[PDB]
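S.K.: so I've got this experimental structure, pasted below with the sequence.
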6 protein chains.
Amino acid sequence: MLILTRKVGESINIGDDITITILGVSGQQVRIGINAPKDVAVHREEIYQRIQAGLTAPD
Amino acid sequence: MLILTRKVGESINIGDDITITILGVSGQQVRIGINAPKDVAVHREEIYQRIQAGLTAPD
Amino acid sequence: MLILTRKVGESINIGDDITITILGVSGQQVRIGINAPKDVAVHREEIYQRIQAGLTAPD
Amino acid sequence: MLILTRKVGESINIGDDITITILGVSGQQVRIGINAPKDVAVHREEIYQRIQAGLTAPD
Amino acid sequence: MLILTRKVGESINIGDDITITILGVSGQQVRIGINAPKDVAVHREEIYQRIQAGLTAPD
Amino acid sequence: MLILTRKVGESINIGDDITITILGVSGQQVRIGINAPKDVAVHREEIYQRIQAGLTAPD
RNA sequence: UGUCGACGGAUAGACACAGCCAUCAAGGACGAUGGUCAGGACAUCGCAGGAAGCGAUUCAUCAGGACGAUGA
């Protein structure tokens, strides 16, 4: 794990194809944009389990 | 862009190899954890630009 | 309708028997005291309309 | 004294002829709408104290 | 002169009209409540220098 | 009722004779210095009650 | 402003609704006029009743594969 601390409106990067943007907060909620090719998946942890258990949305 | 919201301490996933956790907020800052293999790089956008600047003789 | 602009610690008078005091202010909310006799009823609007919904007749 | 903590834009009632609305605050000033018949006299205490000196609104 | 040590949520007093309350700490920062009549002034040492040198009313 | 946020080593003032200094912190404990004239009293809230409620001289 | 939904690829959506302060007004009008965050407030927000009633609060810097460190 690599942990950072960034403000709202800032940006982060993964690999050479993936970008992340912290769009803002709403109380304890944190609104996060992800930007990746459809060659890779992105979901909430509660959702990720469905695409990995029975692959409910392949694409 | 795929936007997801998370409450503090909740999690997100990317691909089949990467996990993300929003650890918490402090003011307008957000402590964010990134868990990926060293097979991929991770950087904030202000550092990412250096990996796009070109580099030699790694660690 | 008669509009007035009353500052913290000042008072309005109604009829010959009712008086109103702005005891103070707390941002977007206001702390108002009513000085009417128990011969007349005083209630919030969301508590006046519950009275006048019909519940005053005997069992 | 009957006391209420009222937000701006909420309302209050007295007897069966009078209604009050807290139109808003302007700093430590408080804009109040008073909605009684002209059958009742309705002024700030400053004014009321002359009217009860033995008169009505002067020439 | 009086030196004393008090923990968060405890109280201290001056004269017959002044109260001090430690609301709590944040690292080296210490949030303090001060309760005195408008008969007396209160500011931090930075601002106090005005009340000594330039005052709140000219000649 | 004023509220301030002072850090260790800094000062606050009351009236035109009284000075307060935050001497430092130890966990929850907060060490404080008070400088007032002989014309006034100063104690912690525990001891203050002896000067308010029971007094240091009888009738 | 907080909360929720949303396998959604959208700088997205849904639900419940978020600045501060002075001057004039016997005025019946949701009146008029001007300024603007180290203050006189536990900064705002919630509950309720004939009582001048009641409960509860942080921000920022550095930075690497570490649920990172630190300052105010």
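M.R.: The structure has been received and is ready for your questions. Residues are numbered from 1 along each chain as shown, chains lettered A, B, ... in the order given.

S.K.: hey, what's whatever residue of chain A ends up closest to chain F bridged with?
M.R.: Residue nearest to chain F within chain A: residue A:7 (21.8 Å; Cβ to the nearest Cβ). Backbone N, C-alpha and C define where each C-beta goes, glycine included. Legend: beta-bridge partners of residue A:7 under DSSP bridges are residue B:29.

S.K.: that one is in contact with residue A:23, isn't it?
M.R.: No. Using Cβ atoms under 8 Å, residue A:7 is not in contact with residue A:23; the gap is 11.7 Å.

S.K.: neighbour count for the two, which is higher?
M.R.: Neighbours were counted for residue A:7 and for residue A:23 using other Cβ atoms under 10 Å in any protein chain shown; residue A:23 has more, 17 against 13.

S.K.: surely that one and residue A:35 touch.
M.R.: No. Using Cβ under 8 Å as the test, residue A:23 is too far from residue A:35 to be in contact (11.5 Å).

S.K.: what sits against the residue of chain A closest to chain F?
M.R.: The neighbours of residue A:7, taking Cβ atoms under 8 Å, 6 or more residues apart in numbering or on different chains as the test, are A:22, B:28, B:29, B:30.

S.K.: now do the residue lying closest to residue A:11 once chain neighbours are set aside against chain E, distance only.
M.R.: Sequence neighbours aside, residue B:45 is the residue nearest to residue A:11 in space, at 3.8 Å (criterion: Cβ to Cβ, 6 or more residues apart in numbering or on different chains). Noted for residue B:45: a distance of 29 Å to chain E, by Cβ to the nearest Cβ, to the nearest Å.

S.K.: neighbours around residue B:45, how many?
M.R.: 14.

S.K.: just read off the phi/psi values of it.
M.R.: Residue B:45 adopts backbone torsions of phi -60, psi -30, taken as degrees, to the nearest 10.

S.K.: show me what the spatially most central residue of chain A is bridged to.
M.R.: Nearest to the mean C-alpha position of chain A, by Cα atoms, centre = their mean, lies residue A:34 at 4.6 Å. Taking DSSP bridges as the rule, residue A:34 bridges to residue A:20, residue B:2.

S.K.: show me where chain A has helices.
M.R.: Taking DSSP state H as the test, the helices found in chain A are A:45-53.

S.K.: how about the residues of chain A by RNA strand G?
M.R.: Chain A has residues A:1-7, A:21, A:23, A:25-29, A:31, A:33, A:36-38, A:40-44, A:46-47, A:50-51, A:56-57 near RNA strand G, with proximity defined as Cβ under 7 Å from any atom of the strand.

S.K.: go again with 6 Å.
M.R.: Within chain A, the positions lying close to RNA strand G (Cβ under 6 Å from any atom of the strand) are A:1-7, A:21, A:23, A:26-29, A:31, A:33, A:36-38, A:40-44, A:47, A:50-51, A:56-57.

S.K.: from these, keep the buried residues only.
M.R.: A:4, A:6, A:21, A:23, A:36, A:40, A:41, A:42, A:43, A:47, A:51 (16 or more other Cβ atoms under 10 Å in any protein chain shown).

S.K.: burial count for the closest residue to the fifth one other than its chain neighbours?
M.R.: When you say that, I think you mean residue A:36. Distances taken as Cβ to Cβ, 6+ apart put residue A:18 closest to residue A:36, at 4.5 Å, once the chain neighbours are dropped. By the measure other Cβ under 10 Å, the count of residues near residue A:18 is 20.
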